[PDB]
Amino acid sequence: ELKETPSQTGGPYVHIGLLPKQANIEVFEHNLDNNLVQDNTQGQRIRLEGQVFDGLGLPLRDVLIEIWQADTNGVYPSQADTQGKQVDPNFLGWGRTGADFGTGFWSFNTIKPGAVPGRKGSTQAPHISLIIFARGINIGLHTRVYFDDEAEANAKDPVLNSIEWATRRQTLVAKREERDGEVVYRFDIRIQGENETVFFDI
Amino acid sequence: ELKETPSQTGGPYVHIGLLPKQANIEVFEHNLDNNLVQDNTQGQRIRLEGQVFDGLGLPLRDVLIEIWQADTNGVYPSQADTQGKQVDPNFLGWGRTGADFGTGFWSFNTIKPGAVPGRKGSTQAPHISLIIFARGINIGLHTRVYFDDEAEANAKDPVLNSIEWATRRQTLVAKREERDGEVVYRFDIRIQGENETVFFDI
Amino acid sequence: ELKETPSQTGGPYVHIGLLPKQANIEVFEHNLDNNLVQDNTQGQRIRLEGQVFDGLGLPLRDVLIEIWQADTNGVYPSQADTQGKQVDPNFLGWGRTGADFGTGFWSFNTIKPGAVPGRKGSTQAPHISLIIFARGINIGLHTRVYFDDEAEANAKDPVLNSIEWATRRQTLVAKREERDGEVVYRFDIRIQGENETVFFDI
Amino acid sequence: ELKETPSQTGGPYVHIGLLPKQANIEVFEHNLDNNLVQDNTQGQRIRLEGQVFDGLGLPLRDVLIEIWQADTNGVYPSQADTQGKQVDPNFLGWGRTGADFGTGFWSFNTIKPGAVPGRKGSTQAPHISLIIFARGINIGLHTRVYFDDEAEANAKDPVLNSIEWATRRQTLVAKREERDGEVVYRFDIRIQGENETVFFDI
Amino acid sequence: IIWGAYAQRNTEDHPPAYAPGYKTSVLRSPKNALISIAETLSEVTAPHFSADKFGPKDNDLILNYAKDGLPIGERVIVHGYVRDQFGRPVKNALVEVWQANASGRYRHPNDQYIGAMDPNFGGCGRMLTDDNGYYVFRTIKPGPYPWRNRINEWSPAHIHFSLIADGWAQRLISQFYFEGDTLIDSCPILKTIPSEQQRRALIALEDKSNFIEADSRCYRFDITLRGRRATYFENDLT
Amino acid sequence: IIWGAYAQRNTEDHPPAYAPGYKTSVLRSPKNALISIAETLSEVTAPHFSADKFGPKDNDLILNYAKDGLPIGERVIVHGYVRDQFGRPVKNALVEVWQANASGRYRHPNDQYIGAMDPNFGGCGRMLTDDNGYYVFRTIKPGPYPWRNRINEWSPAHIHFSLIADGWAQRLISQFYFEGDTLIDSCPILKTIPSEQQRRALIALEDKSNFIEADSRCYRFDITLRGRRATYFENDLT
Amino acid sequence: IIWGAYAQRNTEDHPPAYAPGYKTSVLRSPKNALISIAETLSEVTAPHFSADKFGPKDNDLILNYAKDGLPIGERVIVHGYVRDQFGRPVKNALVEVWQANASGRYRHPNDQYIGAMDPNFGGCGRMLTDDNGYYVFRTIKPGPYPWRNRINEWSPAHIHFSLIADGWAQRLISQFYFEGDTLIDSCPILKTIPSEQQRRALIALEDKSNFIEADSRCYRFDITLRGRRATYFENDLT
Amino acid sequence: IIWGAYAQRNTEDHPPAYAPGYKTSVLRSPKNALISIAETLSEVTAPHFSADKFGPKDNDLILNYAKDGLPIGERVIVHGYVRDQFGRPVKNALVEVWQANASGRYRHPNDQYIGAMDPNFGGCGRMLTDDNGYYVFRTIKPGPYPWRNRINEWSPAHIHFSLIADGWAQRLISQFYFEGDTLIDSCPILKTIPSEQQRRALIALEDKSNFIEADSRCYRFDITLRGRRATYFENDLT
Ligand SMILES: [Fe+3]
Ligand SMILES: [Fe+3]
Ligand SMILES: [Fe+3]
Ligand SMILES: [Fe+3]
Ligand SMILES: [O-]
Ligand SMILES: [O-]
Ligand SMILES: [O-]
Ligand SMILES: [O-]
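A. Structural context of the relation of the copies chain F and chain E. For the pair chain F and chain E, the relating rotation is 120 degrees, the translation along its axis is 0.0 Å, and the fit reaches an RMSD of 0.0 Å. Expressed as an axis order, the relation between the two copies is that of a three-fold axis. Nearest to the rotation axis, the C-alpha of F:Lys31 is located 7.2 Å from it, this being the minimum over chain F.

B. The coordination of the iron ion (ligand 3), seen in detail. Residue and element names in this part refer to chain G. Coordination of the iron ion (ligand 3) by the protein involves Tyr106 (OH), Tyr145 (OH), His158 (NE2) and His160 (NE2), with metal-donor separations of 1.8 to 2.2 Å. Donor residues for the iron ion (ligand 3), ordered by position in the chain, follow Y-x38-Y-x12-H-x1-H. A residue pair is termed long-range when its members are at least 10 positions apart, and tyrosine 106 in the loop between strand 4 (94–98) and strand 5 (124–128) and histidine 160 in strand 9 (residues 159–164) qualify at 54 residues.

C. Geometry of the nonpolar core. Counting residues in hydrophobic clusters, the biggest one holds 84 residues, and the most contacted among them are D:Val52, D:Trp106, D:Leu130, D:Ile132, D:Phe187 and D:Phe200. Membership of the second largest hydrophobic core comes to 82 residues, among which are A:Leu130, A:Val159, A:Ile202 and H:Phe211.

D. Molecular detail of the coordination of the iron ion (ligand 1). Residue and element names in this part refer to chain E. Coordination of the iron ion (ligand 1) by the protein is provided by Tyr106 (OH), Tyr145 (OH), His158 (NE2) and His160 (NE2), with metal-donor distances spanning 1.8 to 2.2 Å. Binding-site remark: the iron ion (ligand 1) is held by donors from one chain whose sequence spacing is Y-x38-Y-x12-H-x1-H. Here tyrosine 145 is found in strand 7 (residues 145–147), whereas its partner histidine 158 is found in the loop between strand 8 (153–155) and strand 9 (159–164), with 13 residues between them in sequence. Note on accessibility: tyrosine 145 and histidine 158 belong to one class, buried.

E. Quick peek at the arrangement of the chains. Where chain A comes nearest to chain C, the C-alpha atoms are still 20 Å apart, and the two do not contact one another. One finds no contact linking chain A with chain D; the least C-alpha distance across the pair is 35 Å.

F. Fine view of the packing of aromatic side chains. Residues and elements named next belong to chain G. Counted according to the given criterion, the structure contains 60 aromatic pairs over all chains. Relative to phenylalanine 137, the ring of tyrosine 135 lies with its centre 6.4 Å away and its plane at 25 degrees, an arrangement referred to as stacked. Residues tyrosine 135 and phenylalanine 137 agree in their burial class; the two are buried. Aromatic side chains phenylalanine 161 and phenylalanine 176 sit 6.1 Å apart centroid to centroid with 35 degrees between the ring planes, which places their arrangement in the tilted category. Placement of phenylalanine 161 in strand 9 and of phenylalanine 176 in strand 10 (residues 172–178) is noted, with a sequence separation of 15 residues between them. Grouping residues by exposure puts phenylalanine 161 and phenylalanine 176 together as buried.

G. Spatial organisation of the interface of chain F and chain E. The partner chain E presents 10 residues to the 13 residues of chain F that form the contact. Note on chain F versus chain E: buried area summed over both sides is about 940 Å², and carbon and sulfur give 45% of it. Sorting the residues of chain F by area buried against chain E places F:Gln8, F:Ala33 and F:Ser36 first, and these three jointly supply 52% of that buried surface. Our count for the chain F to chain E interface comes out at 2 salt bridges. Ionic pairing is found between F:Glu12 and E:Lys191, a salt bridge with its closest N-O pair at 3.0 Å.

H. Structural context of the pattern of salt bridges. Within the structure shown, the criterion is met by 114 salt bridges over all chains. Residues A:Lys3 and E:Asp13 are paired through a salt bridge, measuring 3.1 Å at the closest nitrogen-oxygen approach. On the criterion of chain membership, the pair formed by A:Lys3 in the segment before helix 1 (14–18) and E:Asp13 in the loop between strand 1 (2–6) and strand 2 (35–36) is interchain, its members lying in two chains. The buried category is assigned to E:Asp13, whose relative accessible area is 8%. In this structure, the salt-bridge partner of H:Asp84 is H:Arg88, at a minimum N-O distance of 3.0 Å. Judged by its relative accessible area of 7%, H:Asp84 is buried. Under the relative-accessibility criterion, H:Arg88 is labelled partly exposed at 28%. One network of salt bridges, with partners in common, ties together A:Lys112, A:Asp149, A:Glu150, A:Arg176 and A:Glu178.

I. Seen up close, the pairing of strand 9 (residues 182–186) of chain D. Residue and element names in this part refer to chain D. In terms of strand pairing, strand 1 (residues 45–50) meets strand 9 through 3 bridges, oriented parallel. From the neighbouring strand, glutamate 49 faces strand 9, where its bridge partner is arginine 186. Hairpin connection between strand 8 (residues 173–179) and strand 9: a loop of 2 residues separates the two successive antiparallel strands, and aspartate 180 in this loop has a positive phi of roughly 60 degrees.

J. Examining the interface of chain E and chain A more closely. Every contact between the two is made by 87 residues of chain E and, on the other side, 78 residues of chain A. Roughly 7600 Å² of surface becomes buried between chain E and chain A when both sides are summed, with 59% attributable to carbon and sulfur atoms. Three residues stand out in chain E for area buried against chain A, namely E:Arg28, E:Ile35 and E:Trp168, and they jointly supply 12% of the buried area on that side. On the surface where chain E and chain A come into contact, there are 6 salt bridges. At the junction of chain E and chain A, the tally comes to 41 residue pairs in polar contact. Of all elements in the fold, only strand 2, helix 1 (41–44), strand 4 (94–98), strand 5 (124–128), strand 9, strand 10 (172–178), helix 2 (196–200) and strand 13 (223–225) of chain E reach the threshold of two or more residues within the side of chain E that touches chain A. Residues that form the side of chain E that touches chain A fall into these classes: 40 nonpolar, 29 polar and 18 charged. By the bridge criterion, 2 bridges tie strand 11 (residues 200–201) of chain A to strand 2 of chain E in an arrangement that is parallel. Each residue of the ladder has a partner; that of A:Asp201, found in strand 2 of chain E, is E:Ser36.

K. Looking closely at the pairing of strand 5 (residues 106–111) of chain B. All names here are of chain B. Buried residues dominate strand 5, accounting for 5 of its 6 residues. Direction of pairing for strand 1 (residues 45–50) relative to strand 5: antiparallel, over a ladder of 6 bridges. In the strand pairing of strand 5, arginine 45 is matched with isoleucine 111.

L. Broad picture of the UniProt feature "binding site: 3,4-dihydroxybenzoate" in chain A. The UniProt record annotates "binding site: 3,4-dihydroxybenzoate" at A:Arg135. When you line up the elements, A:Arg135 lands in the loop between strand 6 (128–133) and strand 7 (141–147). Excluding residues that lie within four positions of it along the chain, A:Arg135 makes contacts with A:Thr9, A:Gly11, A:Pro12, A:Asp62, B:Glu164, E:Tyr22, E:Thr24 and E:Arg28. Looking at A:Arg135, its side chain comes within polar contact range of the side chain of A:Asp62, at 2.8 Å.

M. Highlighting the UniProt feature "binding site: Fe cation" in chain E. Residue and element names in this part refer to chain E. Annotation from UniProt places "binding site: Fe cation" at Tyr106, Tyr145, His158 and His160. In terms of the greatest pairwise C-alpha distance, the residues named above, spread along 55 residues, form a tight cluster of at most 13.9 Å across. Residue classification places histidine 158 among the buried residues on the basis of a relative accessible area of 3%. Not counting chain neighbours up to four residues away, the residues in contact with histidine 158 comprise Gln99, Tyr106, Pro142, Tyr145, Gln175, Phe176, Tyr177 and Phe178. Within polar-contact distance, the side chain of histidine 158 engages the side chain of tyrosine 145 at 3.0 Å.

N. Layout of unusual backbone geometry. Residue and element names in this part refer to chain B. We note that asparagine 195 has phi near 60 degrees; this positive angle belongs to a residue other than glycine. Within the secondary structure, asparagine 195 sits in the loop between strand 10 (189–190) and strand 11 (200–201). Its relative accessible area of 57% is what places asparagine 195 among the exposed residues.

O. Molecular detail of the side chain of C:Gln69. Residue and element names in this part refer to chain C. Along the chain, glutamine 69 falls in the loop between strand 3 (64–68) and strand 4 (94–98). A polar contact of 2.7 Å, which involves the side chain of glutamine 69, links it to the side chain of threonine 110. Discounting residues that sit within four places of it in the chain, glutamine 69 has contacts with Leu36, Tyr76, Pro77, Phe91, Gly93, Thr110, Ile111, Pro113, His127 and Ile128.

P. Inspection of the environment of D:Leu48 at higher detail. Residue and element names in this part refer to chain D. Relative to the helices and strands, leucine 48 is located in strand 1. Overall, the relative accessible area of 0% leaves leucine 48 in the buried class. Considered as a pair, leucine 48 and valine 183 are 135 residues apart in the sequence and their alpha carbons are 8.9 Å apart. When near neighbours in sequence (up to four residues on either side) are disregarded, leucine 48 contacts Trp106, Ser107, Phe108, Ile128, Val145, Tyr185 and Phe187.

Q. View of the side chain of D:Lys112. Residue and element names in this part refer to chain D. Looking at the secondary structure, you find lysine 112 in the loop between strand 5 (106–111) and strand 6 (128–133). At 3.0 Å, the side chain of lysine 112 forms a polar contact with the side chain of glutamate 150. Polar side-chain contacts of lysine 112 include one of 3.5 Å to the side chain of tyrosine 185. Not counting residues within four places of it along the chain, the set of residues in contact with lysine 112 comprises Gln44, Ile46, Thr72, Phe147, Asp149, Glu150, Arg176 and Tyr185.

Conventions used here
- Residues numbered from 1 in each chain as written, not as in the entry; some residues may be left out.
- Chains lettered and ligands numbered in written order.
- Part of a larger assembly, values for the part shown.
- Heavy atoms only, no water.
- Least-squares fit on C-alpha atoms.
- Donors = N, O, S within 2.8 Å, 3.2 Å for Na, K, Ca; no water.
- Helix = DSSP H or I, 4+ residues; strand = E, 2+ residues; numbered from the N terminus.
- Core = buried A, V, L, I, M, F, W, Y, C linked by side-chain atoms within 4.5 Å.
- Buried < 20%, exposed > 50% of the residue type's maximum accessible area, 1.4 Å probe, protein only.
- Contact = heavy atoms within 4.5 Å.
- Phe/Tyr/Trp six-rings, centres within 6.5 Å; stacked < 30°, edge-to-face > 60°.
- Buried area = accessible area lost by both parts, 1.4 Å probe.
- Salt bridge = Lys/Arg side-chain N within 4 Å of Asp/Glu carboxyl O.
- Pairing = 2+ DSSP bridges.
- Polar contact = N/O pair within 3.5 Å; in protein donor to acceptor, adjacent residues only side chain to side chain.
- Nonpolar A, V, L, I, M, F, W, Y, C, P; charged D, E, K, R; others polar.
- UniProt positions renumbered as here; feature names shortened; annotations may be inferred.

And the structure:
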């Protein structure tokens, strides 16, 4: 048996290798990005945005974020999904973005995911899996984004219910807002301190 | 090559050896103290005072403080100053004091320093270098005292600008007050917790 | 990674195992030999012959020689040839012989090879690769036989031009002679001493 | 006690660092060279030239040569000369040159040296000390150049007489020639083989 | 074969989040312990990237940004295998890399180091591992560089890498170093890793038999990801 | 010679600020990492003290506070050399020392230990190192003493010292112990120092050839401060 | 997969040409260094031999020359695998062997040793390795024999072998010895090999589990040839 | 003090002239033994070079050939001391150096390696040691490079140097390598040196305390030349 290769921080320039356009490097013809909606993609379009804060309450302006999610019917565009259901064929389910160097805001254009089977016959509430990389972070931090308009499903969600300090479950619920026809979910992440966001070892 | 001798705390009685009069020991004829102004010393006389607080917000009543500064024209009374300018000949540039055992207040009578060259042609804002020793402190803590009436010079200061969390730069600015003809700068030091003072590895 | 098995001399009886008829042993029905020309083989028939001399200028009477060459169009009868051209189907490209025990003469009946691509778009002059085994020789000695009637191609040959002592390039050129209708190329090999034949590490 | 730093070959590019103009590099304002005659230098001007040959009798086209010699009165321009005589003040006594990349010829413009004291009251015949550096030469090779028109002094020279194989002493004698008013001494160096030049461990 | 969950990440084989010797970690590490959960389809699935989208020079950092000439520096090939902790090859994983040029300078707005920029070097590449888990890319060996942790801190030369493979749980970003670099023993970022054998798992080895004559040297570097266990009894994943 | 900056303090050769085994450090240590800066004239300059101000007995703790008789305890001479990390002598540095008497009792308002006070001992001294960096003082060997960290904590015998030398960056306060003291292996303040070789750098050694017959023993103790690097190219200090 | 050149032969893993302890090498070794060249199609190609031409007893030295009876001596099977230096099997390689009989006598005009000739033994064989690189042949274990280097020189028992494989560059002739033979430590031909680990690579090992009851013993002997590197960037071979 | 001759060069501490593993030495080494002689004024004298002729950037390979920008590569300072074998400093010795750029490419007509040329790097410098025998220069760390000895030979990174000091007998040319370079153990030119301790005398050491923050690393390299013996009885030199 082998031991996993150890993690090391992404460092301050994680953009060169992961978002070359943000670093103004044009080497690739196809670039990976924060837009998961293709023209024929099914579901309700939503915009997910927020900021990541350090222990002084200051936003990280060098953070890199990725999300992984199911399609509108809660099927993952992955060979490991064993549901036997057909997934939306115009959906990658993943995206990547970095925070603006000045303001610290980050965002994704995606679709609100459908509910996915939980373990042993349970049903999970709609959620987006999110990971954070940055200088100072030795191992990417995993979290989840749930939706405040899904109170009923959230209450029965297996993962939220496995967090014994109930007061912290709320750090994982994004707030719905309706900006000019666009349904936006605001999700701020607090790495340390009060209202520190729950992080998972998955 | 040799390794530096390791630091150890000053301990609770740092006064015996460094301020024998505060410990009521009269062994030396010449005693070092907190008065840097001699009769012919040039510049504006100022009084620098404050308290040092621990993590519970309580003042340290056993702390020893020293400051090191340039004269009124920003020249150091030291053979290592390479400015080629004549320094005020009635100025040691250094002093030492301890906090009052009851109240925790400390103070120095000195002169407001002139601006000193920074690296590579830059100019530093007027500042006083300060170090703190006490029981519980394993290595003397270095900080700097800048002046709130020097907003313009502070904004361009190289060292303050090298502190990336801008919110912490303010912990290094003392407040000017004019008490009965005396210009006093109040500088409180917070070792731990909110508004913790910036400390430097110099 | 493994290290190559080390070479050892062929020894004085290399004939038992490699040319059993020369040792008068009849064990094999099909015997490998020095005749590379089959009835339908294409190209000009040539005879290659010479002697191998030691440091005293005496011929080796126990040497075993093998040659490897391309067909008349410079294509090798080998799966590793990547030219995409069809090779002469009646051509093995290899042969083996030993020197006569009395005189030291050796010879092969073959075909003059066509020119073969060199590296990076270059063209090699016609050549035959040759290797020598014998008692006293710890590792088979590799050399090449070029032809004196190919002066123009030889002058542009990459391998001959990579021998910096130009005077030694000539040791690799065989002399054409026309004996009774037979075109013979005489190639003598001098292992040591003056006019020592160039040997390659390939 | 320390061991001398070990020698390593000069390598093929010894010119970059030692004769940058021959490598077409213009970095230095003052360049060291093969001309030891300044306008006021005393003595008879002579030109010293030759080629250096390897074991195949081929000239080295990448060799670097330096010579060290006394002035016209046999006094060295060196603080270690203990003769108590004044040396020619317009004489460095050293020069450096490389062989032409095409032909292999090298040359120096210098002065014929005067006789220098040998050990224990003896007198050495006029000579020039010479050292050779090149790819393939692991340690610079030291030799001496004596003059054929100094037969009488050569016969009594201590160093030539300490070479027990008398036949080899002649490899150290250069031949005088009078080319168009120029007195030239031809000195060829043979590193290996017949008439191999004597080399010294000094 | 019915797959179950990924084996648990061994926290002792990785750096801790809070490592005071790497100063930036002090305010960017959670004070609460991570909450471990039992895996679901969300953790064992991951996206798929098609090779069709990749350009011909995406794994050739020597040529992919070259404009007027070749970049300056040591030509090297880096190759190896990606496997899971049970030794199975990781096929079609997305490997992304990024690095500084031969001066130790990154082509990044925020890098003002005096080491010179190279107009013909970009410093990023990507590849998909093949069916044997094998990857290979070509680049210029990066130079070490100074950074401000303590004022005179210097990182040993390194190449940053990221992997997105079969399961989200396998997501990993790290960096590898080069055999023999003396700065490896002084780096506070590498010392965040608890054990010596894990520090060594980030060192790429000189692979002399694979050097290309008169052209390039070669380093061998293998990567191990978390692996899935197979299930033979109850399958609770769903 | 044009001097550049002091070499960086090696944080691994010193105690960390937060050391929970020394309880007082828990509320008196910063939670933020120190901010390292590039040095300026402020950090490479320091004050100068003239010998004229020093009294004849300032380095004689046996006599400088003696009123009716001599203090009680073991007569010892402590001497040694102050050098910078590059081996250069530190000339005219101010060395200040302070200690407890032979009972382990300090002449300090806040010290109520039952060990007896000595009316003829003060416990403080000072000296300037000479041109070779050499210093020498005479004193009474201090006794170890109890203090409250855990309730039964005992410090090994020690003499506190402070140095103000050529640059403010060199400012240092520490304490040295005496060869053989068994409490050295149990002290939580000495254990704040990470490495064994650095703990040993605080131990003064018996110097038997320098004992003075029928009079005093002698300990040898050298001190190393940070040193400046010389500059041969750009001088950015100013 | 596009193949590039064979890895360079490591001259330090082979005997030098001039080895004065093996006297015959003194006049049969070049005085000039070999000239190394970059490989071309000539060096990476080799002939192909078809199995159809091989007789049924070509790998059975016990039977292939037997006329009236069986040869006298120790019945042994020799088998093993041929691989390249990167561990890949060498398929369809021509392996030729030759040896002395049980007396140490060769069936060669030039061998006049008094050890007796065996009318039923020839001493030569050949085989093609299979797809796994495996070969197997049967023979009589050869006896050691005397030869004139120093007057009383004795070679340990050995079997000579030759390989023609995929590339001309791989061409190799050598000989293997038998585990335990005490003459192995005295042989000047084996001592021409510089390192002890390479001398050991010529020793065939007793393979007890593969002995055939009441019939034959068995030795295991593997052979490693030079291997080709794969190309992923420029292919300069042509 | 009256000086006598230089101590004899210890031939066992140097490579031999004939070293068949370095192929070029085969035809460029004498077959006769060198003839040792007793020294005369010719061998104990040497020329003197005045500092006045040296330009301000002669020891700054980073700037001395820079035209449009800075050269690409790792900024390093190399310094150390030149002493004779008896430990005395060698004052005012001419030290000349030359090297390849960061690609392993020399600015020489005969160098056609594909590693890129750097328009702002020349690769040569010179300095005179001071009165303490100290020297210091700044440069770009050279890259290793391939050359043809065996076809895939690679030299470890190195800087060539030459010294002309007080006596002609001291004349020396060699090259130094960098601590940790893995190619050091495979180089046939370095292996011409007989002993391991002498191979190590050519390795420059990382000097971390002398690194310049946010600017350059530093290597320490000392050089030892032959030394003269003093005479107290007969002086036969003349
Ligand atoms: Fe980096
Ligand atoms: Fe104390
Ligand atoms: Fe044999
Ligand atoms: Fe070189
Ligand atoms: O980085
Ligand atoms: O204390
Ligand atoms: O044999
Ligand atoms: O070189």
